[PDB]
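# Part one of the assembly, not moved from where it sits:
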Amino acid sequence: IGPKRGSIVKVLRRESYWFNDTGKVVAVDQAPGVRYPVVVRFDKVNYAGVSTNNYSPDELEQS
Amino acid sequence: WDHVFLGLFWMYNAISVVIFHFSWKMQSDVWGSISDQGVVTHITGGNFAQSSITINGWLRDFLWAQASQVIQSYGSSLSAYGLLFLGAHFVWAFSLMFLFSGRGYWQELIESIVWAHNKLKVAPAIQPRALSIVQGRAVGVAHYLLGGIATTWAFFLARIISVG
């Protein structure tokens, strides 16, 4: 599943720090039952200092 | 650290009343002039024994009567003491911005400013953040000590130069 590994996606999740921000997909989990399989890496950190977050494919579009 | 931060204010309070007692005590009972036949006229003659027992005397015969040379020093050589007296009040009231406020308000205000920067493509890659809570308290106590100490420095160095 997922759009593609190594692709550029835009986050549609409202409560994330990287909403409407360009991110790079580093891992998509193909195991069933995982709610947020797509792991997206960002060039900028959030207030917690991390750049790695998991999103569903419904919360991302290819840009 | 926050106890050091509050003890810095209590050092301001302690040392400021120490130097206030010093300045009034020796301007009233020590410093002055001697005329003929052994008569001693002090700067503020004998008012420490009667006015320094009330806060109204401290505000009136010390903080108002002796501040009548730091505020009308303008247009003279001691006018930089008036400028730093007022700018020291500025740094003190600037301290009250950092001391009374907290990080999350300033972080969301910076988020609005970052939105205005994103609109005009002038977003820095180094993300603008509000100062930390330890850092906000440090900045507030640094401006509080700097502004209040510079206020007392300007008032002292205008008054006792003017009457000395």
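The structure has been received and is ready for your questions. Numbers count the residues shown, from 1 in each chain, chains lettered A, B, ... in the order given.

# Residue B:150 and residue A:16, how far apart?
According to Cβ to Cβ, to the nearest Å, residue B:150 and residue A:16 sit 46 Å apart. To be clear about C-beta, it is placed using only N, CA and C from the backbone, and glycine gets the same treatment.

# which SS class is the residue at minimal distance from the centre of chain A?
Against the mean C-alpha coordinate of chain A, by Cα atoms, centre = their mean, the closest residue is residue A:40 at 3.4 Å. Taken by DSSP: H, G, I helix; E, B strand; the rest coil, the conformation at residue A:40 corresponds to strand.

# So it versus residue A:13, what's the distance?
Counting by Cβ to Cβ, the separation of residue A:40 from residue A:13 is 10 Å.

# mind checking the longest helix of chain B?
Assignment by DSSP state H gives helix B:133-162 as the longest helix of chain B.

# Can you give me the buried ones in the helix or strand harbouring residue B:3?
If you go by DSSP states H and E, residue B:3 is part of helix B:2-29. Residues of helix B:2-29 classed as buried: B:8, B:12, B:20, B:23, B:24, B:27, B:28, B:29 (neighbour count, 16 or more other Cβ atoms under 10 Å in any protein chain shown).

# Which strand or helix spans the residue nearest to residue A:46 when sequence neighbours are not counted?
Spatial nearest neighbour of residue A:46, excluding adjacent residues (Cβ to Cβ, 6 or more residues apart in numbering or on different chains): residue A:17 at 3.9 Å. For residue A:17, there is no helix or strand it lies in under DSSP H and E.

# Kindly report the same for residue B:57.
In this assignment (DSSP H and E), residue B:57 forms part of helix B:55-57.

# So in that sheet, which strands flank the longest strand along chain A, and in what orientation?
In chain A, with assignment by DSSP state E, the single longest strand is strand A:22-28. Take DSSP bridges as the rule and strand A:22-28 pairs in its sheet with strand A:8-11 (antiparallel), strand A:38-41 (antiparallel).

# Distance from that strand to the middle of the chain?
5 Å (Cα atoms, centre = their mean, to the nearest Å).

# one more chain, chain C:
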Amino acid sequence: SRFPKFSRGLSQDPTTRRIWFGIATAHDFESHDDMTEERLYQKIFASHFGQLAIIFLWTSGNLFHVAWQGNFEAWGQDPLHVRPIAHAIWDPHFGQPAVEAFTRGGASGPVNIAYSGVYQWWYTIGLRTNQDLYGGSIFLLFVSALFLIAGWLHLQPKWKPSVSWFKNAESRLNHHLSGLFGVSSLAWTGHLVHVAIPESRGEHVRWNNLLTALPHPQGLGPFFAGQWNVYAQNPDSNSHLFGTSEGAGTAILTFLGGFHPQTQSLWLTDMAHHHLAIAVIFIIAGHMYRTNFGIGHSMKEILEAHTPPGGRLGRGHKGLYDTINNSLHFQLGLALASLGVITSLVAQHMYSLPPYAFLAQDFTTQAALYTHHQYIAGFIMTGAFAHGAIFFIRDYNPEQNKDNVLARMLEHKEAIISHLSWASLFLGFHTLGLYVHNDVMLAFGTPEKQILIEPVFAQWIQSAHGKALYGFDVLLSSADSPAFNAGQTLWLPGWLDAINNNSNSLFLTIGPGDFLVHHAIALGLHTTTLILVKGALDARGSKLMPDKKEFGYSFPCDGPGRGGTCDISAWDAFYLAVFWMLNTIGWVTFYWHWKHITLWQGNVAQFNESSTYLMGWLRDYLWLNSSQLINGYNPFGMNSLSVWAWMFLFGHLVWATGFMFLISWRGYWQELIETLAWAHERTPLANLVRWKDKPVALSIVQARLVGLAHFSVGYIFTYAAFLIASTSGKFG
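That brings us to chain C, laid onto the chains above:
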């Protein structure tokens, strides 16, 4: 079920916080447990009745103290040389100098001089003797008793009104505009015409001779025959003395404009016509909405139909009628926004156009009456904005407000906050840089090197009003404008004589210092609006914390994680903007009191040379006017300003005490109270005494509130003292 009984979650608190928060969550009725719509609106309705009863029981005691311990008749004989007495003082702590020094106004004992302008008001309105004020006090005791009876009555289940009666906005607006604003201003007009105008003309009109004392020589004949100009036929002349029959006229509704030449105050015939005009227009405006009779408006379809078809406002105002009608915080925020803008319109129009006889001559009373309505208006406007924030947390539904104007405020909220931030930063760098520059040039011996900007826009508006001082000569100062020729036979002979006078406060001569402090005022309003719009629009959430709505309105923080989330809530933005309204209204009333304290003793050049730089503000206003303030009591003796000298120092206590809650924060005091609890639990003879409430430190929201309230009490008492001691001890 302990105290507080309205919240079950605070009753199981074993600490002192249960005692504290139950005081502070006492009137937040919608946050209570087992709480419904009907109980909300009925408790709010009876709380309104209790508020009305408190206001009328306040006015009754402010009338009873003037009638009982005040010299209202002696002030009526000579309002220029008699100080108005508020109430007598019975203090067991006075020595003989304090009894001998507070005895003013020809009283038999120590009394308080009234700086509330109640004597000027009651004189202008028609009250003359102490018996009339006593009868008014008994009447308003009866009115407050009736409002207590009505408040108890509507909590009884026979007379409980339903929420559909409460949310009936059309009937409420029709009976408010028709009845509250129309029949009360027409009632007023009936007073001003029947009582106040003949008491200004010497005739004693009371209830015993109400039906016999005709207010006009031909009363109610020319009214119903159409010739209303008979009521403007013979106005009061310029030789008219107030309260005496000599020099007086017979016209009850004039349109003279300007001031009465002896009192420097507005004409009672003009205020009677003013009220007949804001009575006809409010009864006519109260027949607007649809209640019961087929005609009228539905405001839901007005708001639905007011959508711009280009889509620039989205859906327009669709869904806003249910948004206001379901949210009590929206209605309260709108009411407080309008109330702040009219309590400030009150303040701006009772100093420049004094409405009460001998109020312009009494200087410290006018100063108190401006500072009163500018502080009450800077707390009412901040309450409006805070209630907008509480609406956005606990009352705003994004599903019901779908792409309307209110949702589009949240859509572009970062643009509003960033542009208020730009405007505040612009005003701050420019006002501070120009004041600091003028300070440097007065410091460096060169007053001519100041950047002094003549406020030519507001001077052009003053010349548009009729001021011939600046010589712009555009309209109402030039005779070639159609507005002047339409006004020069109607109201302008009074207005131009009032505005071309230089002793009054009607549209004062402004200068570069006025420009600079008006940008200080714009800085204050813009930065207070910045913090408050930021609190209201980041109320539901933000990029730091998106779930601020699910944490309530007044939550403390969200923890040290994600950088740090101190003061993240919308209540904390209200908290930070109470300091900004205090600074704003401090600047406003500093400008008012120094522009007037130099006008009243004549030397306006002191303000014109010294207000452009902050050392003039510190030295010629804060230091110079405080000469007889802090000398209210000395080692040598005490004066009559001594209570104002203590209240000044008292303010410097309480304000600075607020710093103890605003700088030092909770866990220091929590460990301190932990050591104190150990010390009490181990001390012999004192361990026997227990606490039931566990001693804890003040909680974080409570700490910010207590420091804010101390800051506000000290701020209002330092300035109430200085302002009522630097004008009432040096009159002029």
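
# The buried residues of helix B:2-29 again, this time with chain C added?
Neighbour counts using 16+ other Cβ under 10 Å place B:5, B:6, B:8, B:9, B:12, B:20, B:23, B:24, B:27, B:28, B:29 of helix B:2-29 among the buried residues.

# Tell me who's in contact with residue C:513.
Listed by Cβ atoms under 8 Å, 6 or more residues apart in numbering or on different chains, the contact partners of residue C:513 are C:607, C:608, C:610, C:611, C:612.

# so which strand or helix has it?
helix C:512-537.

# Quick one: distance of that helix to the chain centre.
18 Å.

# Summarise which helices and strands the helix or strand that it is followed by is packed against.
Going down the chain from helix C:512-537, the next helix or strand is helix C:570-599, by DSSP H and E. Here helix C:570-599 touches helix B:79-100, helix B:103-119, helix C:363-394, helix C:512-537, helix C:604-610, helix C:700-723, going by 3 or more Cβ pairs under 8 Å, 6 or more residues apart in numbering or on different chains; DSSP states H and E.

# Present those helices as a markdown table; the columns should include distance to residue C:343.
As requested, those are exported to a markdown table (distance: least, Cβ to Cβ, whole Å):
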| stretch | distance to residue C:343 |
| --- | --- |
| helix B:79-100 | 26 |
| helix B:103-119 | 28 |
| helix C:363-394 | 4 |
| helix C:512-537 | 15 |
| helix C:604-610 | 26 |
| helix C:700-723 | 15 |
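
# Between those helices, which one is closest to residue B:159.
The closest of the helices and strands packed on helix C:570-599 to residue B:159 is helix B:79-100. By Cβ to Cβ, the value is 8.9 Å.

# other SSEs contacting the closest one?
Short answer (3+ Cβ pairs under 8 Å, 6+ apart): helix B:79-100 packs on helix B:133-162, helix C:413-443, helix C:570-599, helix C:614-616, helix C:642-662.

# of those, which approaches residue C:358 most closely?
Using Cβ to Cβ, the helices and strands packed on helix B:79-100 put helix C:570-599 closest to residue C:358, at 16.6 Å.

# so how far is that closest one from its chain's centroid?
In terms of Cα atoms, centre = their mean, the centre of helix C:570-599 is set 12 Å apart from its chain centre.

# Now do the contacts for the closest residue in space to the residue nearest to the centre of chain A that isn't next to it in sequence.
Nearest non-adjacent residue to residue A:40, counting by Cβ to Cβ, 6+ apart: residue A:23, 4.0 Å away. Going by Cβ under 8 Å, 6+ apart, residue A:23 touches A:8, A:9, A:10, A:11, A:40, A:41, A:42.

# put chain D on too:
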Amino acid sequence: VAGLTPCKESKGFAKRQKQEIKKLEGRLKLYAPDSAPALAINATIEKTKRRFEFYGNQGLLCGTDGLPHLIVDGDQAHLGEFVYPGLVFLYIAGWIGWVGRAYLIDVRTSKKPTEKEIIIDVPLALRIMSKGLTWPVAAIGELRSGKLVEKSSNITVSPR
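Time to bring in chain D:
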């Protein structure tokens, strides 16, 4: 204009010139006429007399305080008080705003974009600080081409 006399014919402005030299002349009375501190007060007097003869020759408006007031409405007589040095300022302030905006675009397309803001690339900086000379033609040029503003779909927006 606005009830203000010109400073060349203002009696209060000439009074401030008289009482400023007299303050400095009395400071000169306690020094030797060829001494080094007396040359500073003599240079102060000539700086004061140059200042008062410059303020009166520019058509400045002086009030009842004897002080030069600025008319910022946009008067044809008063352009150099606010309009002329305001356009001089906004050109310089827009120069600061254009070379700081163009530096951030030039370092956002880099390997480590955050190390180029603590350590500012001076050959990259100085090659666009020259380019900030013609910035109204480049700001409205980017505004007309759409490169000045960013579309709201690519802008980080806090949730409602």
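
# now with chain D: the buried residues of helix B:2-29?
Buried residues in helix B:2-29 (16+ other Cβ under 10 Å): B:5, B:6, B:8, B:9, B:12, B:20, B:23, B:24, B:27, B:28, B:29.

# Quick one: list the elements packing against it.
Against helix B:2-29 (3+ Cβ pairs under 8 Å, 6+ apart) you get strand B:40-42, helix B:48-51, helix B:133-162, helix C:666-682.

# Measure how it sits relative to helix C:642-662, angle-wise.
Here the directions of helix B:2-29 and helix C:642-662 differ by 150 degrees (axes from the mean of the first three to the mean of the last three Cα atoms, to 10 degrees).

# And for whichever helix or strand comes after helix B:2-29, what's in contact with it?
Per DSSP H and E, the first helix or strand lying C-terminal to helix B:2-29 is strand B:32-34. By Cβ under 8 Å, 6+ apart, the residues outside strand B:32-34 that reach it are B:40, B:41, B:42, B:43, B:45.

# which residues in the stretch 101-250 of chain C form strands?
Using DSSP state E, counting those that start in this stretch, the strands of the stretch 101-250 of chain C run over C:111-113.

# residue ranges of the helices in it, please?
Here the stretch 101-250 of chain C has its helices, by DSSP state H, counting those that start in this stretch, at C:118-125, C:130-153, C:163-166, C:169-175, C:183-191, C:197-200.

# what's the closest of those helices to chain B?
Of all these, helix C:118-125 sits nearest to chain B, with 30.4 Å by Cβ to the nearest Cβ.

# Contacts for that closest one, please.
Against helix C:118-125 from outside (Cβ under 8 Å, 6+ apart): C:62-63, C:66, C:70, C:72, C:75-76, C:79, C:84, C:133, C:191-192, C:195-196, C:200, C:243, C:265, C:268, C:355-359, C:362, C:365.

# Residue of chain C nearest chain B, please.
Residue nearest to chain B within chain C (Cβ to the nearest Cβ): residue C:566, separated by 2.5 Å.

# SS state for the residue lying closest to residue C:299 once chain neighbours are set aside?
Excluding the flanking residues, the one nearest residue C:299 by Cβ to Cβ, 6+ apart is residue C:321, at 5.4 Å. Secondary structure, three-state DSSP: residue C:321 is helix.

# Right, I'll leave it there.
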